[PDB]
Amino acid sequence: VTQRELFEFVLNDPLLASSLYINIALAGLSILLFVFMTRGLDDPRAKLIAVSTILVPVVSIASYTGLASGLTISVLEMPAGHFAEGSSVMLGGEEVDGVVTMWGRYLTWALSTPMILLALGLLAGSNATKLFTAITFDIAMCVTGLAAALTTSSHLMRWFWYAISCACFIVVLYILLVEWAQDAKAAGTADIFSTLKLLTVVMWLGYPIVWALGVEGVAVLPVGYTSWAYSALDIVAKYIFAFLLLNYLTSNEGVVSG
(Lines of atoms letter the chains of each structure in order from A and count residues from 1; the text may use other names and numbers.)
(Lines give C-alpha, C1' and ligand atoms only; values in the text may rest on other atoms or scores of the structure.)
Protein backbone atom coordinates (compact mmCIF):
# COMPACT_ATOMS: atom_id res chain seq x y z
CA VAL A 1 0.00 0.00 0.00
CA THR A 2 1.06 3.55 -0.81
CA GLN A 3 1.16 6.55 1.55
CA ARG A 4 -1.04 8.45 -0.94
CA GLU A 5 -3.61 5.65 -0.93
CA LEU A 6 -3.88 5.85 2.85
CA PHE A 7 -4.09 9.64 2.49
CA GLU A 8 -6.93 9.20 -0.03
CA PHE A 9 -8.49 6.58 2.21
CA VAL A 10 -8.73 9.19 5.01
CA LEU A 11 -10.27 11.71 2.65
CA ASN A 12 -13.21 9.85 1.00
CA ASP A 13 -14.29 8.73 4.50
CA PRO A 14 -16.10 11.76 6.07
CA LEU A 15 -16.07 10.25 9.57
CA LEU A 16 -12.39 9.38 9.57
CA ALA A 17 -11.41 12.56 7.73
CA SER A 18 -13.29 14.83 10.15
CA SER A 19 -11.75 13.20 13.23
CA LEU A 20 -8.26 14.05 11.91
CA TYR A 21 -8.55 17.44 10.18
CA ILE A 22 -10.65 18.92 12.99
CA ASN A 23 -7.86 18.30 15.50
CA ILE A 24 -5.23 19.67 13.15
CA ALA A 25 -7.30 22.87 13.19
CA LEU A 26 -8.07 22.68 16.93
CA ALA A 27 -4.50 21.82 17.99
CA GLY A 28 -3.21 24.68 15.85
CA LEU A 29 -5.73 27.16 17.24
CA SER A 30 -4.86 25.96 20.76
CA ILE A 31 -1.16 26.68 20.32
CA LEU A 32 -1.93 30.21 19.15
CA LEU A 33 -4.40 30.81 22.01
CA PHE A 34 -2.06 29.39 24.63
CA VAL A 35 0.86 31.52 23.47
CA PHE A 36 -1.34 34.62 23.57
CA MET A 37 -2.66 33.72 27.06
CA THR A 38 0.80 33.28 28.59
CA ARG A 39 2.55 36.21 26.89
CA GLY A 40 2.54 38.04 30.22
CA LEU A 41 4.31 35.39 32.33
CA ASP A 42 7.56 36.53 33.94
CA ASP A 43 8.42 33.82 36.45
CA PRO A 44 10.76 31.18 34.99
CA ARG A 45 9.13 28.28 36.86
CA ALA A 46 5.69 29.35 35.65
CA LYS A 47 7.17 29.71 32.17
CA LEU A 48 8.57 26.18 32.37
CA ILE A 49 5.10 24.90 33.20
CA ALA A 50 3.58 26.88 30.34
CA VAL A 51 6.12 25.76 27.69
CA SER A 52 5.70 22.11 28.70
CA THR A 53 1.91 22.52 28.36
CA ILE A 54 2.14 24.32 25.04
CA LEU A 55 4.27 21.46 23.70
CA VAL A 56 1.29 19.12 24.22
CA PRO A 57 -0.76 20.59 21.36
CA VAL A 58 2.46 21.17 19.36
CA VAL A 59 3.10 17.43 19.40
CA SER A 60 -0.61 16.87 18.75
CA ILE A 61 -0.77 18.94 15.58
CA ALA A 62 2.24 17.11 14.14
CA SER A 63 0.69 13.74 15.18
CA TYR A 64 -2.57 14.45 13.32
CA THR A 65 -0.67 15.75 10.31
CA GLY A 66 1.27 12.47 10.34
CA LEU A 67 -2.00 10.54 10.44
CA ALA A 68 -3.99 12.61 7.90
CA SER A 69 -1.09 12.64 5.43
CA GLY A 70 -0.84 8.85 5.65
CA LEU A 71 2.76 9.03 6.88
CA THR A 72 1.97 7.28 10.17
CA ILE A 73 -0.81 4.89 9.11
CA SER A 74 -0.28 1.35 7.82
CA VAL A 75 -2.47 -1.52 6.62
CA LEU A 76 -1.69 -4.62 8.66
CA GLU A 77 -3.06 -8.17 8.70
CA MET A 78 -4.22 -9.50 12.05
CA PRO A 79 -2.86 -12.80 13.47
CA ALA A 80 -4.71 -16.12 13.50
CA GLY A 81 -7.85 -15.86 15.61
CA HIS A 82 -7.88 -12.08 15.91
CA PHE A 83 -11.45 -10.74 15.87
CA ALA A 84 -10.57 -8.73 12.75
CA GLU A 85 -8.44 -11.29 10.92
CA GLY A 86 -9.49 -11.86 7.32
CA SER A 87 -10.77 -8.29 7.06
CA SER A 88 -10.04 -6.09 4.03
CA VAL A 89 -9.80 -2.32 3.53
CA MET A 90 -10.12 -1.32 -0.13
CA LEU A 91 -8.00 1.60 -1.32
CA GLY A 92 -9.81 3.46 -4.09
CA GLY A 93 -10.79 0.77 -6.57
CA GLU A 94 -8.54 -1.95 -5.15
CA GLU A 95 -9.18 -4.20 -2.15
CA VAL A 96 -6.38 -5.21 0.22
CA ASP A 97 -6.38 -7.57 3.19
CA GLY A 98 -5.84 -6.17 6.66
CA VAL A 99 -6.99 -3.36 8.93
CA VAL A 100 -6.17 0.35 9.01
CA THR A 101 -3.59 0.65 11.80
CA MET A 102 -3.16 4.24 12.95
CA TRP A 103 0.06 3.67 14.88
CA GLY A 104 0.93 7.33 14.49
CA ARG A 105 -1.25 8.00 17.56
CA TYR A 106 0.58 5.56 19.83
CA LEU A 107 3.97 6.78 18.68
CA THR A 108 3.30 10.45 19.37
CA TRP A 109 1.68 9.74 22.76
CA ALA A 110 5.21 8.86 23.91
CA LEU A 111 6.07 12.52 23.28
CA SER A 112 2.94 14.43 24.32
CA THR A 113 1.90 12.47 27.42
CA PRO A 114 5.30 12.95 29.12
CA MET A 115 4.75 16.67 28.64
CA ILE A 116 1.28 16.53 30.21
CA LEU A 117 2.84 14.65 33.15
CA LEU A 118 5.77 17.06 33.49
CA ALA A 119 3.41 20.07 33.56
CA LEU A 120 1.10 18.37 36.10
CA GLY A 121 3.96 17.12 38.27
CA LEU A 122 5.53 20.57 38.42
CA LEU A 123 2.15 22.17 39.15
CA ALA A 124 1.75 19.81 42.11
CA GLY A 125 5.27 20.57 43.34
CA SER A 126 6.55 17.04 42.72
CA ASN A 127 10.19 16.16 43.37
CA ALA A 128 12.55 14.78 40.71
CA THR A 129 12.15 11.14 41.74
CA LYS A 130 8.40 11.10 41.18
CA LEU A 131 8.59 13.08 37.93
CA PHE A 132 11.17 10.59 36.65
CA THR A 133 9.02 7.60 37.65
CA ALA A 134 5.78 8.97 36.18
CA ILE A 135 7.47 10.00 32.93
CA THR A 136 9.57 6.87 32.31
CA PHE A 137 6.75 4.42 32.98
CA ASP A 138 4.44 6.64 30.95
CA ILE A 139 6.80 6.41 27.98
CA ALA A 140 7.09 2.64 28.55
CA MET A 141 3.28 2.38 28.43
CA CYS A 142 3.07 4.26 25.12
CA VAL A 143 5.85 2.23 23.51
CA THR A 144 4.58 -1.20 24.53
CA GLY A 145 1.14 -0.16 23.29
CA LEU A 146 2.71 0.77 19.94
CA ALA A 147 4.45 -2.61 19.93
CA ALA A 148 1.13 -4.36 20.57
CA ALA A 149 -0.50 -2.54 17.63
CA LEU A 150 2.44 -3.46 15.38
CA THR A 151 2.56 -7.17 16.32
CA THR A 152 0.82 -9.28 13.66
CA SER A 153 2.41 -12.67 14.31
CA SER A 154 0.36 -13.65 17.35
CA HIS A 155 -3.00 -12.64 18.82
CA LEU A 156 -1.73 -13.56 22.28
CA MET A 157 1.52 -11.59 22.01
CA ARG A 158 -0.61 -8.56 21.11
CA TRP A 159 -2.64 -8.76 24.32
CA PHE A 160 0.50 -9.62 26.26
CA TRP A 161 2.11 -6.32 25.28
CA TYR A 162 -1.22 -4.71 26.14
CA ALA A 163 -0.82 -6.18 29.63
CA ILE A 164 2.73 -4.88 30.05
CA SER A 165 1.43 -1.46 29.02
CA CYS A 166 -1.42 -1.64 31.54
CA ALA A 167 1.14 -2.42 34.26
CA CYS A 168 3.15 0.70 33.39
CA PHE A 169 -0.11 2.67 33.38
CA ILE A 170 -1.06 1.73 36.97
CA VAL A 171 2.30 3.20 38.06
CA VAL A 172 1.43 6.53 36.45
CA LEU A 173 -2.06 6.34 37.93
CA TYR A 174 -0.64 5.65 41.38
CA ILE A 175 1.61 8.71 41.50
CA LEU A 176 -1.20 10.87 40.05
CA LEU A 177 -3.84 9.63 42.48
CA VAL A 178 -1.70 9.12 45.57
CA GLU A 179 1.68 10.89 45.47
CA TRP A 180 0.90 14.15 43.66
CA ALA A 181 -2.50 14.63 45.29
CA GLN A 182 -0.49 15.07 48.50
CA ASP A 183 2.30 17.18 46.96
CA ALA A 184 -0.28 19.58 45.54
CA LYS A 185 -1.56 20.46 49.01
CA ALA A 186 1.93 21.38 50.16
CA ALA A 187 2.43 23.44 46.98
CA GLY A 188 -0.82 25.38 47.32
CA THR A 189 -2.24 23.98 44.08
CA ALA A 190 -4.59 21.29 45.49
CA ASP A 191 -7.63 23.02 43.96
CA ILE A 192 -6.53 23.17 40.31
CA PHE A 193 -4.66 19.87 40.66
CA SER A 194 -7.66 17.85 41.82
CA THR A 195 -9.54 19.15 38.77
CA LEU A 196 -6.80 18.33 36.26
CA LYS A 197 -6.07 15.04 38.00
CA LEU A 198 -9.72 14.00 37.87
CA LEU A 199 -9.88 14.97 34.19
CA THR A 200 -6.58 13.24 33.41
CA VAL A 201 -7.40 9.95 35.13
CA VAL A 202 -10.87 9.66 33.61
CA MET A 203 -9.87 10.67 30.08
CA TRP A 204 -6.70 8.51 30.06
CA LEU A 205 -8.58 5.40 31.17
CA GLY A 206 -10.59 5.89 27.99
CA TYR A 207 -7.69 5.16 25.62
CA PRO A 208 -7.04 1.53 26.57
CA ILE A 209 -10.81 0.98 26.50
CA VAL A 210 -11.08 2.37 22.97
CA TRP A 211 -8.04 0.32 21.96
CA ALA A 212 -9.75 -2.91 23.09
CA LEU A 213 -13.06 -2.08 21.37
CA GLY A 214 -11.64 -0.97 18.02
CA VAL A 215 -9.98 -2.85 15.16
CA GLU A 216 -6.83 -3.32 17.25
CA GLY A 217 -8.77 -5.19 19.91
CA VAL A 218 -12.06 -7.07 19.67
CA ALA A 219 -13.02 -4.89 16.70
CA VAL A 220 -16.55 -3.94 17.77
CA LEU A 221 -15.91 -0.32 16.71
CA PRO A 222 -15.22 0.67 13.07
CA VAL A 223 -12.08 2.63 12.16
CA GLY A 224 -14.00 5.90 11.83
CA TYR A 225 -15.63 5.46 15.24
CA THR A 226 -12.45 4.45 17.05
CA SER A 227 -10.65 7.48 15.58
CA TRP A 228 -13.34 9.98 16.66
CA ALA A 229 -13.27 8.39 20.11
CA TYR A 230 -9.53 9.12 20.38
CA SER A 231 -9.92 12.57 18.82
CA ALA A 232 -12.64 13.29 21.39
CA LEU A 233 -10.40 12.09 24.22
CA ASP A 234 -7.53 14.27 22.91
CA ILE A 235 -9.80 17.33 22.80
CA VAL A 236 -10.31 17.02 26.56
CA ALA A 237 -7.13 15.30 27.76
CA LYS A 238 -5.03 17.80 25.78
CA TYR A 239 -6.72 20.97 24.62
CA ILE A 240 -9.23 21.77 27.38
CA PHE A 241 -6.84 20.28 29.96
CA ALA A 242 -4.16 22.70 28.75
CA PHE A 243 -6.58 25.62 28.60
CA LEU A 244 -7.57 25.02 32.23
CA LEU A 245 -3.99 24.58 33.41
CA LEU A 246 -2.78 27.73 31.61
CA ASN A 247 -5.93 29.65 32.61
CA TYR A 248 -5.05 28.93 36.23
CA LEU A 249 -1.33 29.48 35.74
CA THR A 250 -1.81 33.00 34.36
CA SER A 251 -3.95 33.96 37.37
CA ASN A 252 -1.67 32.25 39.90
CA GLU A 253 1.84 32.88 38.59
CA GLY A 254 2.95 33.78 42.12
CA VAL A 255 1.81 30.56 43.79
CA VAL A 256 3.60 28.44 41.20
CA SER A 257 6.75 30.58 41.37
CA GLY A 258 7.71 28.68 44.50
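Just so we're on the same page, rigid core means the largest C-alpha set that superposes within 1.5 Å between forms. Just count from 1 along the sequence shown to find any residue number.
Core-fitted comparison in 8 other deposited structures of this protein shows that, between 115-123 and 86-94, the CA atoms farther from the shown form belong to 86-94.
Higher mean CA B-factor, judged across 194-202 and 47-55 from the recorded values: 194-202. Averaged over their C-alpha atoms, the temperature factors of 175-183 and 132-140 are higher for 175-183. Of the residues listed, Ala219, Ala68, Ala229, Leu32, the entry assigns the biggest Cα temperature factor to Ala219. Ranked within its chain, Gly145 lands in the lowest third, by CA B factor from the PDB record.
When the modelled residues of the chain are ordered by their C-alpha B factor, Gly214 lands in the middle third.
When the modelled residues of the chain are ordered by C-alpha B-factor, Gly28 sits in the lowest third. Ranked against the other modelled residues of its chain, the C-alpha B-factor of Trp109 as given in the entry falls in the lowest third. In the PDB entry, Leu123 places in the middle third of its chain by CA B-factor.
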